[PDB]
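Participant: Here it is, the structure, as C-alpha cells.
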Amino acid sequence: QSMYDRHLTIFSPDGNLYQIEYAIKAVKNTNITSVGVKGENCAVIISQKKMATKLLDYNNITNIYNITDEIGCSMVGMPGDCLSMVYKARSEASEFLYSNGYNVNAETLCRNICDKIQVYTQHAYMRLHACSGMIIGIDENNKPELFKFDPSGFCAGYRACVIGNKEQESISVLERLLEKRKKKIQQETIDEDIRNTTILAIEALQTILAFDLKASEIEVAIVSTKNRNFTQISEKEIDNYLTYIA
Amino acid sequence: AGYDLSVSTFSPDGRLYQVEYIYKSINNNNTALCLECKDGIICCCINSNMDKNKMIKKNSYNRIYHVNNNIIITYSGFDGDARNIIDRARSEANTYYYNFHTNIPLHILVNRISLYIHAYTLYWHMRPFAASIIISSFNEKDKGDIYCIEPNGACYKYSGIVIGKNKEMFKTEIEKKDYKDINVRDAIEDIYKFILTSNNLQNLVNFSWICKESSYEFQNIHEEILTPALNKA
Amino acid sequence: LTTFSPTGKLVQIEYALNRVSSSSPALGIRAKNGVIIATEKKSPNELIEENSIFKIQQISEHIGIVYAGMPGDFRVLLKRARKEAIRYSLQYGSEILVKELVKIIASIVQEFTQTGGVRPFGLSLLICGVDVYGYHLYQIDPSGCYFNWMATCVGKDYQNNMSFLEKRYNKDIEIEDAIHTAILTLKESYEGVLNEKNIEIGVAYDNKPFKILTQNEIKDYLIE
Amino acid sequence: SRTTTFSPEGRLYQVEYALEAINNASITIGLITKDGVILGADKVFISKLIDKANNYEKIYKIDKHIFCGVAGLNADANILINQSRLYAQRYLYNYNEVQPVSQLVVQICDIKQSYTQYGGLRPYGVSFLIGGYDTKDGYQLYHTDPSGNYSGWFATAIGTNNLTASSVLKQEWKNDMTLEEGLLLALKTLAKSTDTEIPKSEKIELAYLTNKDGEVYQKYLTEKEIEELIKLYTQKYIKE
Amino acid sequence: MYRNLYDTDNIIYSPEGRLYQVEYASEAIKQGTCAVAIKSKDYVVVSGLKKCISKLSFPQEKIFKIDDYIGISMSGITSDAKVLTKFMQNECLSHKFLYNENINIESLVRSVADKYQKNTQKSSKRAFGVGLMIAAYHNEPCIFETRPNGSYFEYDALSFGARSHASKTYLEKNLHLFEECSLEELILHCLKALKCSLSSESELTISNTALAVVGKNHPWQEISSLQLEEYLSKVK
Amino acid sequence: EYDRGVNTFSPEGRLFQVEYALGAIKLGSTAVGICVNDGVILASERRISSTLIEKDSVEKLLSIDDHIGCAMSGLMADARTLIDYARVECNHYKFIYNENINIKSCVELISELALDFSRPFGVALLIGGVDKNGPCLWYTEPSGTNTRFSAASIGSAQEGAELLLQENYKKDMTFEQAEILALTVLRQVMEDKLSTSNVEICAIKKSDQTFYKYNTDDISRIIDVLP
Amino acid sequence: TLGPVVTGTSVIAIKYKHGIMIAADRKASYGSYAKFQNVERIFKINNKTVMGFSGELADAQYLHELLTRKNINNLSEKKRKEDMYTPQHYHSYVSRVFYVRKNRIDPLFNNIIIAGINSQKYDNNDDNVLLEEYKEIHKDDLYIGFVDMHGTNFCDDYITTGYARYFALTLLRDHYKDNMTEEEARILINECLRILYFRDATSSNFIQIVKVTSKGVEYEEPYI
Amino acid sequence: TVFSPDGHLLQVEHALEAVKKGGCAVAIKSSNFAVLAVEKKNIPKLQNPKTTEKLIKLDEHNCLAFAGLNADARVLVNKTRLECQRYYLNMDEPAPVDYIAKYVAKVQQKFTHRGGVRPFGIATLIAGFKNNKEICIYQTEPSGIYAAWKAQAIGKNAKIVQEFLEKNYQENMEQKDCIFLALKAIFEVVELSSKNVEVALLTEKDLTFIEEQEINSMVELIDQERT
C-alpha cells in the first residue's frame, strides 16, 4: 500500500526514515567492496576497480580519491553521487586551510562532511547522496586515523573496516584477521608495516572475494609515517604482495 | 507501488529510478561514435531521421561541437537539453582561461561537466538532463582519450564507444579491428562500411576528425575525403 | 508541514517519540553534590574505537549532554549547542546558565516543527551540569518542551526502567552512592548483563569541571 | 488539508483542531479581584520525579506588571512568551513607559492570526489567560485563542473541563472580592475541576498581582498555599 | 501501472523514455493555421493563412516582423508566440545597438531555442507550445524553425499543422524553387501550395492570406493589400 | 481528468486552467460595442435590482484614459485590477511619449498581464478608442487572444447579440445610426425595459478624440426612437 | 586602477594595398625608467585582425583576456566563413567596454588601436589557433579603428596613438599616399620612429612590426 | 487558489459563505449623517466591554462595522488604519470614504488572486465622508466587489433584514427617525435584548456612540407596534 516513505523528511509510525534506509541499500547494490585497516603508524585502503553495476581503460576506473596530499579517501556506491562527494570534500578540506591555516585533521574532515549530510536530511531540498567511504589519514599526533561514513550521519572510525556490499559477511573475518596480529606474536615495529599490515589486509580481501584477485584489478594506498602522501602503490608491488600468500 | 515519480525518491530495492528511464530515452535517439587511432581521434554521428523530413539542408544538422580548437563534443539524446551543457562547457573553458591563461585540460573539464549534469539530478524541482555526451581530444605527445558522460555522472575513459540506438550492435564491430595502431584516412572508409550494415545510401552522417597531423586541431568533415565512400565492399 | 490531526495532537511528533523509545538507554540522576549521567554503549564489535563514538559530549566547562536518538543528529544539535554557549559567553563574561541554555535549544528544536518542509529532531537530550543555583538535569523532548527532572531515563523501555528510580531513590544521595543505583538501573534493568567497560558515565564531580569517567575508573564501581 | 484552505461550512480545519488540542491540556483559572488579578494552574504529573519545588510551567512572566497563565502545547507556549517579552520590552524602548495589556494582546494575537492566514504553516496550539495592571483602566484579564479572537473577562477556566469550572464562577464570584477571599474562591474551582475534593498541594500553582503602587507580583511557594488549602477545609466554598 | 501517472508534470519521464508533457506541446502547434515558406536562391517568401473567427471579426495577424531582414510567422497559441516575439525583438535590436553589424541568423535562433530550454527543466514554468518559423536573409537566405524542445533545421520549405501533410507532399515533389529566381514565379509557387492544401470547398485567397518577402535588396516588405489580388490572387 | 496543475497541457494540444475561465466570462452583464467609421459606441446593462444601491457607484463602462473607454465582464473584482493596470501604463505612456497610446499597443499589454505564468484573470474586455488611424475596437479574452472586432458582444447574453449584429452592421453607419443599433440589440436580450437607468452608453467621437458618458438626460432622447 | 604605473609607448597603424602595417617597440617603462624592455604590445586577436596598446600595460590584460575569449566563442560557432567577427564588431565592442567603465570612475587607461581586414573574399575557413603571394584590397575592406580611454571611437586610414600623436602623425599626415607598396610602408615607419627615438623620453628600439595581409598575421623584428 | 471546471472559485465562495456565520450588522444613510447598527452577544456577568468588537474607527470621520471573523478584522483594520493615515501624510487631507473602501476592496482582492494565502473571510461596510460634505456608506465583500448603498446589511441571515429595509426606506429622515429604522432591524436576534444591539450616530464629521438609556426608550416601542 501507499506507505510512509514518499518524502525524505517524513517519519514512519514506528519511527524510521525510509529514504535514508533505502539509500544505504543503494550502496549494497553496487556490488563493489573495499577494505580499510589501520595498524601501527599506518593505515591502508584496498579498492576493487570494478564498474558500478569491452574497451574501458582500467587505469581510469577507480574507487580511491585523494582529498588532499595528506588525507585520502575511498568511495563506493553510485558513481554520480560519489564523484560529487569528493568535490564537496576537496572544496571543504582546502577551505579549512584558507580559514584556519593548519591542514585539516582526518577526524574533523569526516565530521564536517556529516554536518552537510545531516542538513540535506532534515530539509527536503535535494536527494540523499547514495555513497559511503573510508576517510584515511594521519594527524599531527603522528597516529594513523581511519573513519567510515554511511549515507546518514556517522563518524564511527575503525581500526579495520569493510565498506561495500559485503559488510554482513566480513566482520566475522576481519575480527579474526585483526586477532591474527594483535593477540598473536606482536614482536616489534621495525617500520615494516607494509609487510605486516598490507599483507594482513590483502589477505582479508581474498577471504571476502572468492576470486583469484588479479593484480590488475586492485589498487591500494598507504598514508604511513615517513611517507605521508597517500601514494597509490604501483602495479609491480601489488603483484609482488599477491605471491606472499604462499 | 509507483516510486519512480520524482528524482529524489529512492526505490525500496535500492536502485535509483526515474534516472534509469533516461537510458531508455537515449536508446531511441540517433547514434554517435568515436574511436582511438594512432594518428588522431575520428568521430562519427549518424542522424537516422530521414523518413520524416527530407527537406533539411545536406550539411545543416550538425551534431559535432567543440569547446575550442582541440576538444570535440557530441550528443546522443534530446538535442535541446544538450545545448545547455555546451553552454556550460564553453563557459567552463572561458572561466578556466581567465583564471589560468591556458587551455583547459581534458581530465579537469570532464570532471566539471559531469558535476553539472549530476547536479540537476539531485534537485526535487529541476528535471534531469537527457543527453549523453562524448568528450574526446588528442594530445601531441600523449595519445588521445575519449571520455563518455552519460546521465547521472559516471565519467569513464574509453578507447572507442558508441551510444544511441544501436549501442549493442556497433560495439561488436569495433573489437574486431585493432584501431589503436592503424590510421585515420583508412578508418573513415571503414566507418562508412559499418553504417551500411545497420539504412540507405544517404549523406546524413556528418563527422570530423580532430587529428590527421593537420596542426592537431579540430577540422571539418572535408567533403572531398568523405565522397570516395567504398559503397560495396 | 507537520500539521495537526483531528484528535488534537501532532502525528509527526508522536512518530518522532517512537524513535527515542527504541534507542540506547540514557539515564541521568541528580544528587545533592553533583549530577550523574549514564548511557548503555551498545558495542557491536571491537572495530569501533570507544574514544571516537561517544554518547557524552561537553558544551562548556560545566555543562554535560547525553544523546538518546538518531546518531546522525548527535552532531548538528551539538554544534548549535556549543555555538549558544559561546554567544552567551561573548556578551556575558560569566558561564552560561543551564536554564538559559536549555531554553535556547528547546527553541531550536521547536522551529524544526512549525517550519514547512522540515523534519523534527529524532532524539531526546539530557542536559546536566553545575550551576550557580544548584545542580540541574533537564530533558528535551522532540516536540520542543523541556522538563526539570530529578532522575529520569529516556531510552528503550523506560516505562519500567523509571520504576527502579521511583522506588530506589532518595532526595539526599551523594554522587558516589548514586553511581551504584544508576548501574543497577542499567545492568539489572534489561539485557546487557556483560557490563565490562561498556557504559559511559559523566559526572558533575562536586562543582569541579565536567569529568568523563574512564573505563578503568568505572571498573572500580563495576565490581558490584 | 493545509491551513490556507477553507471548508464548505465556513470554518477552518487547522485552527479548529487547535481549539480542541487545548481542551486536552491542563486547566488554568483567571480571576479579577478588588486588589489585583490572580491566576491558577494545574501541573500535569507525568511522574513524581520532577523537581516540584522550584519550577512550574503553567504560569510565566511577561513583564514586571504583565503575567500570563498558559494552557495548551507547552512546547509552542515558550515561543509566544519569548515573543511577548520582546513586545513588552520593545514598547518600553519606543515609548519609555509600561505597555498596557490591551495593546499587548493585540500585538500578540496578530502573531497567531498571521499564522492562520498564510505561510502554509501549522497554527499555534496555545491559548492563555494574560492579565496585568495599568494606569489607564486598572486591573484587566484578557484571553486569547489559537485564532486570535481575544476578549476581556473577569474569570475564565480554559484547559480541560472548561464548561464545568466556568459555571462555578457564574455564582460564587462577586463584584467585590478581596485578595484572600478571591484566592479561596479560585482555589475551589481549581480543585473541583479535576473531580477531586482537596488539592494534594504537590499540584496546582497560583499567582497574584495586587499592585501596591509598585506591582509586587509575588508568586507562590508550596508552603504558602498550605495555609490557603487549610482555609478551604473550614470554609468550604463548595461545588454548587 | 501506466497511462495516467507519467502525464501531468514537466519533470517526470515515461518508462519508455519520452517526456510526454513536452510531446503534447509539439502536437499543440498542429491545432493552429497553416503556413509555408519557400527558400529561393536569393529570396524567401512566407505565405501565412489567417483565421477569421467571425464575420464581424477581422483576421488576426500571423506573419510578424522582427528586423529589416528578419521576420517570423507563428503557428500555435498567441499567448506564448507574442512573448517570444518580444524576446526576439529586444535581442536583435540590442545587437544593432551594442554593436553596429546585423545579428547573425543562426546566432539569433540559438538564443530563441535556448528560451525554450529554460522553460523545460523548471517545474513551475511550462513549455512554450508554439511552432516558430524564422525566415531571414543575411548572406544566403536561410529558413529556421523551432519546436517546444530546442531545435534548428535549415529547412528549404515547410508546413504547420492545419493540412501540413497535404502541403508537405506538394513541396516534396516541387524542388525547382531554387532555380525559380523570378520572384513572380516564386510567390505563385508558394501560393499554389496553400491552394492545393486548403480545406474542402473553402474560399481560396480572399485577401486573407498574409504574404511577406525578403531578399538581397528587399527588407521585410509585407506584401501590400493591392499587389496580391491584382494577379497573384487571380491566377487560380 | 487533469486539473491539479495550472500549466498542464492536454493530449489534444490544449490548455486547462485557461479554459476554465472561458466559461466564467459568460456570467456577467451583457455588453455590446460598435466600431463605426466616425467613432466607437459602447453599451451595457445595469443590474441594480436592489433599489437600495446608489446606482452610480456600480459602473460597467470605466475609462482607461480620456481617449480609450472599455467594458467589463466576468469577475468584477478582478476586472478592476486590469483596468487599474491599464490606467497606469496608458498614463505612463503619456509621460514618456507625448502622444496618446495606440490601442494595438495597449491591448497587447492588457493581455500580457493575463499571462501570470496566481491564477488567470477571468475577465473579457471591449477596449475601444480613437487613438490614431481612425477608431478601433478590440476584444480581449483570458487566453490572450486579441482580436480586433468591428462589432462584438460580451456577457451572459452575448450569444443572441452576436447574430443580431451580423444581420444589422453596415459599414456606412454614423453615430446616430449605430446609437439606435446599439440599443435594438439590447432590447432583444433584456429581462427588463430599456429605461433611462439600465442602459449606460458612452461614445468616443473622432472629432474631439475624447470619450463622453451619455448621461440620463441624453439617453432618454435615444431610447424612445423605437427601432 | 589608479595612475599609469607601468606605461607603454605609442604604436602606428597605416594601411596600404597589400594589408595593414603596425609597429611598436618593446619598451615597458615603469614611469621614470625602463624596467621591462622585451614585452609585446601588438596583440593577435584573430586570424584577420590585431590590436595594439599604449597607456598602462597592466590595464591591457583586463582587455586582452576579455577579447581573446570572444574570439574562441565565435570560432566555436563558425558554421560559415562569413560568421567570423569582423573588425567592425571588435572595435565597436571595445568601445562599449570603455563606455561602461566611463560611467563609473575607473577608466582603465589605454588608447587601444584595432586594425584588421573587414572582408571575407579571401579563403581562410580553417583556423590554426595554437601554432603564397599577396593580394590587393580596395582600401574599404581594411578597418583601422581608434579607441580613447574616454571612449572616443572612430576609424580612418592612418592612426597613431599615445605620445607619437604629436610626432608620428605630423610626418605621416602629409607623407601618406594611397596604395603604398610594402617597401614604401616600412620605409615610412622606419623614418618615422627615428624621430620618436630622440624626442620621446619613454621609447626604445626593437620595433615589433606586424603585418596583416590576406594570408595571415606575420611578425618581424628589426632594430633600426 | 484556482478555478472550478464550470467557472466559479471554490476558495472565494467558501470564504463568502464563511461570513454568513457571524453577527449581523446594518447601516443606513441619511441627509447629513449615517447611523450604524450591529447586534452582538456576550456571556452574562463576564466580558465587560467586548473590547469594542464592532464599530471600529479609522479616522475622525470614517466608522467601520465589520461582520464575520472577529479575529480577521484586526489585520484588516490595522492594514486600513495605516493606509488611512498614510493617505493623510501624502495628500494632506483626511482620507475620504471613497478611498478607504477602494483600499479595503483592493486588500481582499490582493489575497484571493495570489497563491498560498487564505482569503479574508470578512465582509465589511464603511460609512464616512467624501471630499465634499457628503456621506456614502460603502460595503465590501470577501470576493473584492464593493458598491455604495443607501442602506445595507451583512451577517447571519442578511437577506431577510435587507429585504425589510428595502420597503420602508424613506429618502431623508430625522436623527431619531433614522435610528428607529435601524432599530427596526432586530429581525435577527430574538426578544430584542438591549444588551445585544449597539448603535452609533456618525454626524457632523465626528463619530459618537449611543447610550443604552435612550436605547430602552426606543427598543421598547417596537413591541407595542406589532399589534
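Residue numbering restarts at 1 for every chain of the C-alpha cells, chains are lettered A, B, ... in their displayed order, and ligands are numbered from 1 as they appear.
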Quick one: everything within 6 Å of region 170-185 of chain D, counting only C-alpha atoms, minus sequence neighbours fewer than 6 positions away in the same chain. Send it as a PDB file with C-alpha atoms, in the first residue's frame.
Facilitator:
ATOM      1  CA  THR D  33     -10.385  40.859  42.482  1.00  0.00           C
ATOM      2  CA  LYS D  34     -10.683  44.290  44.037  1.00  0.00           C
ATOM      3  CA  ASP D  35      -7.000  44.217  44.967  1.00  0.00           C
TER       4      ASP D  35
END
Participant: Residues of region 86-150 of chain H classed as strand (DSSP E or B) by DSSP on the backbone are to be reported as a PyMOL selection string.
Facilitator: chain H and resi 117+122-124+126-127+137+140+146+149
Participant: Restrict the selected residues to N, CA and C atoms and save them as a short mmCIF file (atom, residue, chain, number, x, y, z; two decimals), in the first residue's frame.
Facilitator:
data_model
loop_
_atom_site.label_atom_id
_atom_site.label_comp_id
_atom_site.auth_asym_id
_atom_site.auth_seq_id
_atom_site.Cartn_x
_atom_site.Cartn_y
_atom_site.Cartn_z
N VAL H 117 -2.32 31.93 0.05
CA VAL H 117 -2.80 32.91 1.01
C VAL H 117 -4.29 32.72 1.20
N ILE H 122 -14.11 37.99 5.69
CA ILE H 122 -14.77 39.08 6.40
C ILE H 122 -15.41 40.04 5.40
N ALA H 123 -16.69 40.34 5.62
CA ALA H 123 -17.42 41.30 4.80
C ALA H 123 -17.67 42.49 5.69
N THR H 124 -17.35 43.67 5.20
CA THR H 124 -17.48 44.89 5.97
C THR H 124 -18.43 45.87 5.30
N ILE H 126 -18.24 50.37 5.26
CA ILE H 126 -17.59 51.58 5.72
C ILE H 126 -18.53 52.75 5.50
N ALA H 127 -18.68 53.58 6.52
CA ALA H 127 -19.55 54.75 6.45
C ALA H 127 -18.70 55.94 6.83
N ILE H 137 -22.30 55.38 2.30
CA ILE H 137 -21.99 54.14 3.00
C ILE H 137 -21.61 53.08 1.99
N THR H 140 -18.12 46.19 1.35
CA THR H 140 -17.20 45.30 0.66
C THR H 140 -17.41 43.85 1.07
N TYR H 146 -17.36 45.82 -4.37
CA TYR H 146 -17.77 46.88 -3.46
C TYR H 146 -18.70 47.82 -4.21
N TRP H 149 -24.26 52.22 -0.97
CA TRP H 149 -25.63 51.87 -0.65
C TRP H 149 -26.27 53.00 0.12
#
Participant: Within 6 Å of region 41-45 of chain E, counting only C-alpha atoms, which residues show up once you throw out same-chain ones fewer than 4 positions away? Write them as a list in words, please.
Facilitator: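 Listing them by chain and then by number gives residues 37, 178, 212, 213, 214 and 215 of chain E.
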Participant: Which residue, E:13, E:97, E:69, E:153, has the smallest gap to chain G when you use only C-alpha atoms?
Facilitator: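 Nearest to chain G: E:97.
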Participant: Residues near residue 19 (chain G), anyone? I mean within 9 Å using only C-alpha atoms, not counting same-chain ones fewer than 6 positions away, as a list in words.
Facilitator: residues 116, 117, 134, 135, 136, 137, 139, 142, 182, 211, 212, 213 and 214 of chain G
Participant: Return as JSON, numbers by chain the residues belonging to chain A that are within 6 Å of chain B, counting only C-alpha atoms.
Facilitator: {"A": [22, 25, 26, 55, 56, 57, 79, 80, 126, 127]}
Participant: With distances taken over only C-alpha atoms, which residue among A:12, A:115, A:195, A:140 lies nearest residue 102 (chain A)?
Facilitator: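 For residue 102 (chain A), the nearest of the candidates is A:140.
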Participant: Based on the backbone DSSP call, show me all residues of region 13-188 of chain D assigned alpha helix (DSSP H), as a ChimeraX atom specification.
Facilitator: /D:14-21,74-95,102-113,162-171,179-188
Participant: Please identify all polymer residues within 8 Å of residue 35 (chain E), counting only C-alpha atoms, omitting same-chain residues fewer than 3 positions from it, and present them as a list in words.
Facilitator: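 Listing them by chain and then by number gives residues 46, 47, 48, 49, 73, 75, 158, 159 and 160 of chain E.
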Participant: Those same residues - N, CA, C and O atoms - I'd like them written as a PDB file, in the first residue's frame.
Facilitator:
ATOM      1  N   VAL E  46       7.143  34.067 -47.494  1.00  0.00           N
ATOM      2  CA  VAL E  46       6.404  33.367 -46.454  1.00  0.00           C
ATOM      3  C   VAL E  46       4.925  33.598 -46.686  1.00  0.00           C
ATOM      4  O   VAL E  46       4.470  34.747 -46.719  1.00  0.00           O
ATOM      5  N   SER E  47       4.176  32.519 -46.835  1.00  0.00           N
ATOM      6  CA  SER E  47       2.741  32.596 -47.044  1.00  0.00           C
ATOM      7  C   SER E  47       2.067  32.131 -45.770  1.00  0.00           C
ATOM      8  O   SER E  47       2.282  30.999 -45.329  1.00  0.00           O
ATOM      9  N   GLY E  48       1.262  32.998 -45.183  1.00  0.00           N
ATOM     10  CA  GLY E  48       0.575  32.639 -43.967  1.00  0.00           C
ATOM     11  C   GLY E  48      -0.910  32.819 -44.136  1.00  0.00           C
ATOM     12  O   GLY E  48      -1.351  33.814 -44.710  1.00  0.00           O
ATOM     13  N   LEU E  49      -1.692  31.871 -43.649  1.00  0.00           N
ATOM     14  CA  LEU E  49      -3.138  31.932 -43.753  1.00  0.00           C
ATOM     15  C   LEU E  49      -3.713  32.346 -42.408  1.00  0.00           C
ATOM     16  O   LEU E  49      -3.522  31.649 -41.409  1.00  0.00           O
ATOM     17  N   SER E  73       6.830  33.955 -38.402  1.00  0.00           N
ATOM     18  CA  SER E  73       5.426  33.633 -38.642  1.00  0.00           C
ATOM     19  C   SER E  73       5.058  32.519 -37.673  1.00  0.00           C
ATOM     20  O   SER E  73       5.387  31.358 -37.907  1.00  0.00           O
ATOM     21  N   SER E  75       2.761  29.839 -35.411  1.00  0.00           N
ATOM     22  CA  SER E  75       1.762  28.831 -35.738  1.00  0.00           C
ATOM     23  C   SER E  75       1.519  28.076 -34.436  1.00  0.00           C
ATOM     24  O   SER E  75       2.282  27.171 -34.096  1.00  0.00           O
ATOM     25  N   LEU E 158       8.387  24.387 -45.697  1.00  0.00           N
ATOM     26  CA  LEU E 158       7.771  23.797 -44.516  1.00  0.00           C
ATOM     27  C   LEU E 158       6.255  23.876 -44.586  1.00  0.00           C
ATOM     28  O   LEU E 158       5.673  24.272 -45.596  1.00  0.00           O
ATOM     29  N   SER E 159       5.623  23.500 -43.480  1.00  0.00           N
ATOM     30  CA  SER E 159       4.180  23.496 -43.312  1.00  0.00           C
ATOM     31  C   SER E 159       3.915  23.521 -41.817  1.00  0.00           C
ATOM     32  O   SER E 159       4.807  23.217 -41.026  1.00  0.00           O
ATOM     33  N   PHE E 160       2.693  23.891 -41.420  1.00  0.00           N
ATOM     34  CA  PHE E 160       2.426  23.948 -39.980  1.00  0.00           C
ATOM     35  C   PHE E 160       1.024  23.557 -39.513  1.00  0.00           C
ATOM     36  O   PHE E 160       0.147  24.405 -39.356  1.00  0.00           O
TER      37      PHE E 160
END
